[PDB]
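Take a look at this single chain, the form deposited in one PDB entry, given in structure tokens.
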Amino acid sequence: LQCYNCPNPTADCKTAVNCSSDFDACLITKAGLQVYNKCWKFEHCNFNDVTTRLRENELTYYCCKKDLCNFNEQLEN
């Protein structure tokens, strides 16, 4: 499963790396203009396992399971 991984939560990342390693749900949390491109598990994909791990709250963590399903056009449109 591919996913966009970056060193910082930018709103225009274009990195493509093979997640794997206990990863089955890509995570695209967009808290407005800032975006969070990081891999995430499907068990910790809820309104508390993600907003707590990153210590965030307002956002729409969207977990998926496709190759590179975390691009700048998933939650929007």
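Start at 1 with the first residue shown and count on from there.
Below, we refer to the form deposited with a partner chain bound, which is not included among the displayed structures.
- Contact between residue 23 and the partner chain in the entry with it bound is not found at the 4.5 Å heavy atom cutoff.
- Heavy atoms of residue 31 never reach within 4.5 Å of the partner chain in the entry with it bound, leaving it off the interface.
- A residue is said to contact a partner when one of its heavy atoms sits within 4.5 Å of a partner heavy atom; residue 55 fails this definition for the partner chain in the entry with it bound, lying far away.
- Although the partner is absent here, residue 19 is not a contact residue: none of its heavy atoms lies within 4.5 angstroms of the partner chain in the entry with it bound.
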